[PDB]
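Below is one structure, written out as structure tokens; comments come after it.
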2 protein chains.
Amino acid sequence: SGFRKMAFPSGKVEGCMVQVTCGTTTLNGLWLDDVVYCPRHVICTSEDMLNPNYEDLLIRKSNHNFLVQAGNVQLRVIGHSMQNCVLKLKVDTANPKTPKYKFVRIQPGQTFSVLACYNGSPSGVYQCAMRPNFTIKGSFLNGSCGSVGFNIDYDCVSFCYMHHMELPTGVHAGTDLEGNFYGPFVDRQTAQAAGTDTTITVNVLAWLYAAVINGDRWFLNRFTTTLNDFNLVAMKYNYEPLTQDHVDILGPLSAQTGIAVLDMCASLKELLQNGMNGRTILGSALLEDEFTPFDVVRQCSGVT
Amino acid sequence: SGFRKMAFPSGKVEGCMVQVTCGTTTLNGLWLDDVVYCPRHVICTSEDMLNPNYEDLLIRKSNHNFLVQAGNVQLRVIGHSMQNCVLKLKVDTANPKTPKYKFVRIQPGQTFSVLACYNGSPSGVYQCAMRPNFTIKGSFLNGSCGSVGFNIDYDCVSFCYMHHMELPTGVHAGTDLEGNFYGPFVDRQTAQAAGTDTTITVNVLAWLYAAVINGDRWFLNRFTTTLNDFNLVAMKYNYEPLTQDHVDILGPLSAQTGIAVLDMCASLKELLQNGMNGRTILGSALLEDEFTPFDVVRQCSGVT
Ligand SMILES: *CC(=O)N(c1ccccc1)[C@H]1C=CS(=O)(=O)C1
Ligand SMILES: *CC(=O)N(c1ccccc1)[C@H]1C=CS(=O)(=O)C1
């Protein structure tokens, strides 16, 4: 019993974290097979970052300008290419610690673990979601760029995020591992505001299901609702609209707890309209939206 | 910027997690050098757990009754001893992945990362504190025992906790790695209630310092207080009394933010007496007490 905000073990990803230096700039890189992936702004000064032309800046760079250090041993760079907003550095040695891995572009609402790294040395690990405004609420200082987001399916590391920007509001933007940014963000120090940070309605329902299971049941009510009725309340409270797809995904938890998805929606509705009244659900004073249905099932069944 | 509940990388500890089977019982073990550490209740059925005499139960066991599996390779057991509430299984092979390590008995209020394991396979990792009632608020199912708590100082893993019991209230009890339980708990399925779960006042102040730094400042006030005055409020609200030692420890954060420890105490006092008024500090609707002063400094300076 007990429900915690829980990250995948980072061991498999600690073994891929290297230091990438280009001139004065030193951020983190991901060494998989004979390729090291890092943010392309490694080639930039903080002065370049106001309006960089990466194609032009890159012409001036050579294989030998990119210094890749894995622990206290340097890797020889035998090729470099720009894909979108990441560089791919081909090294002469394949990473002996390369796990099974895929690159996956995640959807908003999806969760992943982040290994925070400075100088290719991991500092800590926490769990995150891709917000519906394509930001993430991270913890990232200077030198934390090229830190990666991942999920783990038994032995296979699916990489979903590489860290790039901190918006003036202190929320975080970044790319998949094909270097395509999540949302309309660009590796440029410009006016970049995030849209409405809406609550991930399905994840809140999952997390309510997790509470019931883990003993916290005060918030169960006699009422039910419809999708259309519940959504009018969701809209008002800047909650993501709930679809039949979201309901289907909550079926397992529905079945396990024998509480209908729409009964639990009616529970949430009342929590939105009436608040918590100074009470707590799973040691939290607000409605947590960074646990997927899949995250609850996993933690409540104990998958390794 | 941004402040997250952050665990140490678990890589160094993933490499010490093995499966320990004795008869039908299979929990997790910690393989360091040529010794595998596990909870002594591995020798028990769930029927033994009502009133076990471990000395007597252990006489019936031999080196060959203890089956230790590291991945898909079995380790040969050449000796076994009981220390307090843990078994130490001497194996013929030393763990090639043994990091630098110490065993440390932590104090209440101190934080540590937990790698949750089932069948010696890590499932996830989260950050915890030793509560002032010598419980921890974990996430642990059946087979999660012998999961370990640790801190990491650069390369040295200090192990502070091995998981043993879930109290009828769904909070968790366990030992240091010398097998001595935190608090008055015993590896016996008996009436065991936790005492008053008080709030770790120093950690709340640290976490308030973390907020100020990270942009959240609404809760700063014009008022200051004394230690004796603040403590009368702490007592009322079941908060741990603040000492000159706690103040001294908050000096670095005091100095960095140029907010006096007693000014910040006056800030907290008002939050206790007036609540948050539907507002949030670092994305949390209540006062978080599972970040040490040291945890804030580390995350706000980016130690690896
Ligand atoms: C993204 C990041 O953390 N860094 C950065 C800053 C400007 C341009 C590229 C990368 C830091 C990486 C190391 S640093 O101290 O040079 C700045
Ligand atoms: C502590 C724990 O998780 N387990 C346990 C239960 C009873 C006695 C000793 C250990 C589980 C370990 C594997 S299990 O399924 O046999 C029970």
Side-chain angles (χ1 to χ4, degrees), chain A residues 1-2 19-29 38-52 54 57 66-67 69 85-87 116-121 123 138-148 162-167 172-175 185 187-189 302 304, chain B residues 1-2 19-29 38-52 54 57 66-67 69 85-87 116-121 123 138-148 162-167 172-175 185 187-189 302 304:
Chain A
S1 216
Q19 183 179 30
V20 185
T21 302
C22 203
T24 55
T25 315
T26 293
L27 37 61
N28 312 279
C38 80
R40 67 171 179 176
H41 67 210
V42 69
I43 70 176
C44 297
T45 62
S46 51
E47 306 93 59
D48 288 313
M49 287 309 286
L50 295 168
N51 197 12
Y54 285 100
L57 285 177
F66 301 104
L67 303 167
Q69 201 170 310
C85 295
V86 294
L87 296 176
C117 292
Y118 305 82
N119 306 103
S121 291
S123 33
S139 182
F140 292 108
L141 313 181
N142 259 34
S144 86
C145 298
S147 290
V148 297
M162 176 163 263
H163 180 64
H164 282 258
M165 332 187 334
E166 176 167 76
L167 300 198
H172 299 108
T175 62
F185 306 114
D187 49 350
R188 190 196 168 194
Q189 193 164 309
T304 65
Chain B
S1 216
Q19 183 179 30
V20 185
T21 302
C22 203
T24 55
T25 315
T26 293
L27 37 61
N28 312 279
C38 80
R40 67 171 179 176
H41 67 210
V42 69
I43 70 176
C44 297
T45 62
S46 51
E47 306 93 59
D48 288 313
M49 287 309 286
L50 295 168
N51 197 12
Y54 285 100
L57 285 177
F66 301 104
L67 303 167
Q69 201 170 310
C85 295
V86 294
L87 296 176
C117 292
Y118 305 82
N119 306 103
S121 291
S123 33
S139 182
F140 292 108
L141 313 181
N142 259 34
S144 86
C145 298
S147 290
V148 297
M162 176 163 263
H163 180 64
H164 282 258
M165 332 187 334
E166 176 167 76
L167 300 198
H172 299 108
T175 62
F185 306 114
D187 49 350
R188 190 196 168 194
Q189 193 164 309
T304 65

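Below, each value reflects all heavy atoms present in this structure, side chains not excepted, and no hydrogens, waters or symmetry copies. In what follows, every chain begins at residue 1, and chains take the letters A, B, ... in the order their sequences are listed. Whatever order the structure lists ligands and atoms in, that order sets their numbers, starting from 1.
With rounding to the nearest 0.5 angstrom, the OG atom of A:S1 is 11.5 Å from the CG atom of B:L167.
No side-chain donor-acceptor contact under 3.5 Å links B:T21 to the backbone of B:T26. Checked by atom type and distance alone, the side chain of A:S139 pairs as donor or acceptor with a backbone atom of B:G2 at under 3.5 Å.
Judged as a side chain to side chain donor-acceptor pair (under 3.5 Å), and not counting sequence neighbours, the contacts of A:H172 are A:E166. For A:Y54, the ring pair (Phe, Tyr, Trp, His ring centres under 6.0 Å) criterion is met by no residue, not counting sequence neighbours. In this structure, B:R188 has no side chain to side chain donor-acceptor pair (under 3.5 Å) partners at least two apart in sequence or on a different chain.
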Ligand 1: protein N/O within less than 3.5 Å of ligand N/O:
from: ligand 1; atom 1: 3 (O); to: A:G143; atom 2: N; distance (Å): 2.8

